[PDB]
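Residue-level structural notes
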Amino acid sequence: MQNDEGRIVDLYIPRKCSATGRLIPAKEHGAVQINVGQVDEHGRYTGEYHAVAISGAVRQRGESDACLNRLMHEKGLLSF
Amino acid sequence: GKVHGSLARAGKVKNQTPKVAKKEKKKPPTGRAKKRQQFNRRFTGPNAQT
Amino acid sequence: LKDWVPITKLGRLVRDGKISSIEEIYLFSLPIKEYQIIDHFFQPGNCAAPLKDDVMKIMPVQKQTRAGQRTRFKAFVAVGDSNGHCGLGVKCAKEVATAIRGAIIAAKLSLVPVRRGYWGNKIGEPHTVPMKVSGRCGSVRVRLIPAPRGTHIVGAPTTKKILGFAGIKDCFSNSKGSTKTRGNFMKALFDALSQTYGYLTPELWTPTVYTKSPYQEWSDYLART
Amino acid sequence: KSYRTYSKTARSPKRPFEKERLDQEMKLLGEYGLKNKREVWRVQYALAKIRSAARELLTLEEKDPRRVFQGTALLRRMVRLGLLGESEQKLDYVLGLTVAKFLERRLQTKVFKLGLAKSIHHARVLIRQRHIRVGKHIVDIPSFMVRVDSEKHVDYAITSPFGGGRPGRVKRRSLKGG
Amino acid sequence: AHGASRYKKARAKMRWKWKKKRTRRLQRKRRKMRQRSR
Amino acid sequence: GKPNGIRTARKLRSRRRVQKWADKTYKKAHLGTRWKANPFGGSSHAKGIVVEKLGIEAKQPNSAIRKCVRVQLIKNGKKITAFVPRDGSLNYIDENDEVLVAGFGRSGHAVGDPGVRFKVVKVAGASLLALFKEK
RNA sequence: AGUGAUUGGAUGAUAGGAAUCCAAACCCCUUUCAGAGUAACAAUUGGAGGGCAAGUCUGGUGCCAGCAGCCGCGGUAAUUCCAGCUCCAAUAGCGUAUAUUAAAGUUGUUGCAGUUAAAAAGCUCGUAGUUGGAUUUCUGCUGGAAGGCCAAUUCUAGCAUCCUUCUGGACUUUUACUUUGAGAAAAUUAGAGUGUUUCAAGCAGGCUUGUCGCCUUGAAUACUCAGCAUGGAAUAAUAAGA
RNA sequence: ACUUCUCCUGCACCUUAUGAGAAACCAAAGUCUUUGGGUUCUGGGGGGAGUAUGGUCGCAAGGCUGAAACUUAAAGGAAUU
């Protein structure tokens, strides 16, 4: 949301749910943000991670986990 | 409604009430000069009896 | 007045002054449970500007039980600071002033940010509902439409106030259904404004950054009591 | 029968009684020294001609030959009338006008702005009592509205006591009486 | 008319089945009386 | 639902002109019975002579005797009862005195406290307000 | 910054001239002798329970008289009647009655509703009427004229096997559709220009000791289903099937 | 004949919805102010009235079509105490 020349007007940007790509509003208290930690060789290790967020619209279906598998198959660390 | 309601009492309270004259007072301003007074006395309920 | 003892993770963080402003809370979508959190951000003079509260309506409610009737008063209160922040709250109580206290507390707790747009050309601070946004509550459809600048607000007097407390300068209201019930009408108007951020434009097609939460970054403070 | 056009300069609002409306109108009477609520609704109506003209034009397209003609004619009026300042000539700016912009441009204020009148009310009385030369000839009417080249020009009429003429009638009665 | 509601009986009423019959007897009578004056 | 298709002008146009008559206010305008009905001739005001002075009682809850007048319109000689506004003024009417009749402001129907749709605006052309005021 | 009749000195309403106007009077515009201090040259019209802005005031009346568009006031303490005082709204205007438009997404093409609120024919056939599946020269490269802006967007010729009878029109089934164009009275309506003192208006004006006065003066322009004409590759009818 | 498993086609049933509704409830009453797949019929506050008159079908009983004057501020729906 720009105007005239630069200056991103408005306050903040709503997070976009990974599973549906649909924006999470202010008062969705059923929203989630997972952190999943990486590992080095013979790890061990955390602190570097893949963040991922999903809305309460997706969760109350029961389709949270099936989509969250897809979002960490493409990263590498599952093999479904 | 019934037609035979009597017309004797018509003009009871207009005739009953005690007459009294209006007091002589100094005239209010009119037009623009009235809207001057109404502007000032608000910004420096409106009718508050004892 | 007064030094409240913060309860919960959010309460502790705000008093210390770690979280900067409420857009950080609204991003990660965290429930503000005490009103003392939101009292902190809108400080007098400092707030620019302080939150303003107006009492929309007072309605006597009666329950017929046994001998006699018991009447309680339900107080609708909207509250907002012009510049995108608005809220809407209700409470009932046996006396009138005791309802309005708790109604203002509930109004602050249900405080929601409102994005705002330009109607065609886009110069010099936004002034409108950014698209045609509907809201419903209990057989009261309300539809807010962008208007050109200087249009002002077109709607019911009740409509003018709680769009006024958002900061929306221009509108075209429609209103189907029984607008006589002001309890439903305010909720219908309010839940329209709540959905403004929820609606996805081509301006927000870019994939998100994912910053750390205020719960994450100030975890080590929240270890100790 | 007679071929003479005529129109209404103003129209009353839909709600008679609103405390939001009546307060904000009463300020405009108090600032600029007006007779009645018709004088506000006149300017309310006069803006909405200009505003609805721009609202029609602005929807189209900047390269459209209707907008480039009719827009530039409308912007010339706002520059001439001293209503929009010349630094911004965008049609968009016309929308951001208010009633206070029009009511600062009328001759009640521009006397007072000039400062000869002293007080808003006095300035209306000076206008109606045949003082104040605007340009070449004197002007009797509060709701004149000045065209910005003319504004420097307002001065007391050559005739009259402020101007340098016969001192009305009451000063003569004192002077010849003594 | 009345159509479907016809017999809603939302509040204390005569009862539709009886009402229809009462009007039929009034109507039937109207016929013979109007044919008598021919 | 409706027929949407481009060539469905007849069905759309016919349905309005038929089902416009389902309105109550449309029938009061557009039927021929408006001209026979009313004692007025589709008119604002009408003169008449006061055949009799009459009194009627308001339906409960309100109770009282309202003081109205029976009048015959000059054009049709149709009797009507016209209410007399304000305190007294009954004395003012005088049987056989011409009185202007005006609508009660409810488009017939009825007013408040039974079956009266008219008000006497003037008596002998004097008018009610002037006398009650005494101005 | 507002009050306080405490005094205080500083323009036309009016009445009569002058010239101007007028066919002859008259009005306007000019300038004139008189011409306001409770500025007696005195602003009224509807309201003050809610809707609707504005009095839990003070007397009289006691479901009476009356108010009241609707809800409702009055049965002896009336926030509504009849008065007084104060305040509110509009203001040289304001109230009432009838018809009409918006509000009326309460006639709904845009745009309503039909389980229970008003309303799905008891059920099938069925002629008009309305509506009807997919599919038939798509892609590519090289120009040309323009083109906005610090190459995009238009339009157009070729070459992948592309007519010709001539020197612009004939053929491409036929229309609808869309585009541009013709022709269609003004007044009114929107609208360009212009200080009728402003303004509703009007179509005038504006420069200037120059005299065949000048601005080769202005009074633009839009708008006005069916019908006539035309560029076009989709969509939809329709035709057919050497 | 029975067991296990898949396919369409029936009458339904249970569970649940960031789908809908005034609510009761609803795999349709969903995909409708983010309003247009095609089409038939019906309704416009409550009475007066499915009455009056005229028409037409019927052997009759009655059916189909179907008004007005006047009347009235509420009738009506779903849940709560």
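Before reading further, recall that the structure is shown in the block above.
Now for a description of the structure that goes with this document.

**Things to note about the nonpolar core**
In terms of nonpolar packing, the biggest core is built from 28 residues, with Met56(C), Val142(C), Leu144(C), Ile162(C), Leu163(C), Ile168(C) and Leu193(C) touching the most fellow members. Looking at this core, the element that brings in the most residues is helix α6 (residues 182-198) of chain C, giving seven residues. Composition of this core by domain shows at least three residues from each of domain 1 (1-113) and domain 2 (114-207) of chain C. Listed in part, the 26 residues of the second largest apolar core include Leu57(D), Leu58(D), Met78(D) and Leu103(D).

**So, the protein's contact with RNA strand G**
The local shell around RNA strand G holds 111 residues, among which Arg166(D), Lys8(E), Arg86(F), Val111(F) and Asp113(F) are the closest. The sugar-phosphate backbone supplies 72% of the atoms of RNA strand G found within 4 Å of the protein. Contacts to RNA strand G include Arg41(B), whose side-chain N or O atom sits 2.8 Å from a phosphate oxygen. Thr5(D) is positioned such that a nitrogen or oxygen atom in its backbone is 3.3 Å from a phosphate oxygen of RNA strand G. For the surface near RNA strand G, the secondary-structure elements that each account for two or more residues are α1 (13-16) and α2 (32-43) of chain B, α2 (37-58), α3 (65-80) and α8 (170-177) of chain D together with α1 (9-19) and α5 (128-133) of chain F. Broken down by class, the residue content of the surface near RNA strand G amounts to 30 nonpolar, 34 polar and 47 charged.

**Brief notes about the interface of chain D and chain B**
Contact with chain D, which involves ten residues of that partner, is made by eight residues of chain B. Roughly 910 Å² is buried in total at the junction of chain D and chain B, and carbon and sulfur atoms are behind 68% of that figure. It is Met26(D), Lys35(D) and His121(D) in chain D that bury the most area against chain B; as a group they hold 56% of the surface buried on that side. For the pair chain D and chain B, the interface holds zero salt bridges. Linking chain D with chain B are two residue pairs in polar contact, by the criterion used here. Contributions of two or more residues to the side of chain D that touches chain B are made by α1 (19-32) and α7 (120-128) of chain D. Broken down by element, the residue count for the side of chain D that touches chain B peaks at five residues, all from α1(D). Taken together, the residues that form the side of chain D that touches chain B break down as three nonpolar, three polar and four charged.

**Structural notes on the arrangement of the chains**
For the four pairs of chains in contact, the maximum contact count is reached by chains A and C. Spatially, chain A and chain B are disjoint, and the shortest separation between their C-alpha atoms is 37 Å. Between chain A and chain E there is no contact, and the shortest C-alpha to C-alpha distance separating them is 43 Å.

**With respect to the environment of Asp113(F)**
All names here are of chain F. Summarising the element assignment, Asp113 is placed in the loop between β5 (99-103) and β6 (118-123). Every residue in contact with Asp113, bar those within four places of it in the chain, is listed here: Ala58, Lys59, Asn62, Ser63 and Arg66. Reaching out from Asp113, the side chain makes a polar contact with the side chain of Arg66 at a distance of 3.1 Å.

**Observations regarding the pairing of strand β3 (residues 68-73) of chain F**
All names here are of chain F. Strand direction decides the pairing type here: strand β2 (residues 48-54) and β3, joined by six bridges, are antiparallel. Within β3, the residue paired with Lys53 across the bridge is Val69. Examined bridge by bridge, β3 and strand β4 (residues 79-83) share five bridges and lie antiparallel to one another. Residue pairing across strands places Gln72 opposite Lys79, the latter belonging to β4. Where β3 folds back on β4, the antiparallel hairpin that results is connected by five residues, among which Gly77 adopts a positive phi of roughly 55 degrees.

**Structural notes on the interface of chain A and chain C**
Interfaces are often described in size by the accessible area the parts lose on coming together. The partner chain C presents 33 residues to the 26 residues of chain A that form the contact. When chain A packs against chain C, close to 2600 Å² is buried across both sides, 60% of that on carbon and sulfur atoms. Taken together, the connections running from chain A to chain C amount to zero salt bridges. Along the contact surface separating chain A from chain C lie 13 residue pairs in polar contact. Broken down by secondary-structure element, the contributors of at least two residues to the side of chain A that touches chain C are β1 (32-37) and β2 (49-54) of chain A. The greatest single-element share of the side of chain A that touches chain C, amounting to three residues, is contributed by β2(A).

**Section: the sheet that holds β2(F)**
Overall, mixed pairing links the six strands, which are arranged β1-β5-β6-β4-β3-β2 (chain F) in an open sheet. One side of each edge strand has no neighbouring strand; the edge strands of this open sheet are β1 (45-46) and β2 of chain F.

**Here's the deal with the pairing of β5(F)**
Residue and element names in this part refer to chain F. Counting buried positions along β5 gives four out of five residues, so the element sits mostly inside the fold. In this structure, β1 lies alongside β5, joined through two bridges in antiparallel fashion. By the bridge assignment, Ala46 is partnered in β5 with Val101. Bridge count between β5 and β6: five bridges; the pairing is antiparallel. If you follow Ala102 over to β6, its bridge partner there is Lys119.

Reading the values: the criteria
As presented, residues are numbered from 1 along each chain according to the written sequence, a scheme that may differ from that of the entry, and residues lacking coordinates are left out. Throughout, the order in which chains and ligands are written sets their labels, letters from A for the former and numbers from 1 for the latter. Any value mentioned applies to the visible chains, which represent part of a larger assembly rather than the whole. The side-chain figures draw on all heavy atoms in the structure; neither hydrogens nor water molecules are used. Residues with missing side-chain atoms are left out of burial classes, side-chain pairs and their counts. Each nonpolar core is a collection of buried residues, namely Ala, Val, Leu, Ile, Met, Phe, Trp, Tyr and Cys, held together in the definition by side-chain atoms within 4.5 Å. In this scheme, a residue with accessible area under 20% of its type's maximum is buried, one over 50% is exposed, and one in between is partly exposed, where area comes from a 1.4 Å probe on protein chains only. Comment: elements are numbered from the N terminus, with helices defined as DSSP H or I runs of at least four residues and strands as E runs of at least two. Where each domain begins and ends is defined by an automated method or by a domain database. Working definition: residue near molecule or strand if any one of its non-hydrogen atoms lies within 4 Å of it. In protein, a polar contact requires one atom able to donate a hydrogen and another able to accept it; more generally it is a pair of N or O atoms within 3.5 Å, and residues adjacent in sequence count only if both atoms are side-chain atoms. In the scheme used here, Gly and all other residues not listed as nonpolar or charged are polar, with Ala, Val, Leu, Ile, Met, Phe, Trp, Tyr, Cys and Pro taken as nonpolar and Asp, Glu, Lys and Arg as charged. By the convention used here, residues are in contact when the closest approach between their heavy atoms is within 4.5 Å. Throughout, the accessible surface (probe 1.4 Å) given up by two parts as they are put together, summed over both, is called the buried area. The term salt bridge refers to a pairing of a side-chain nitrogen on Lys or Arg with a carboxyl oxygen on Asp or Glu at a separation within 4 Å. Pairing between two strands is assigned when DSSP locates at least 2 bridges connecting them.

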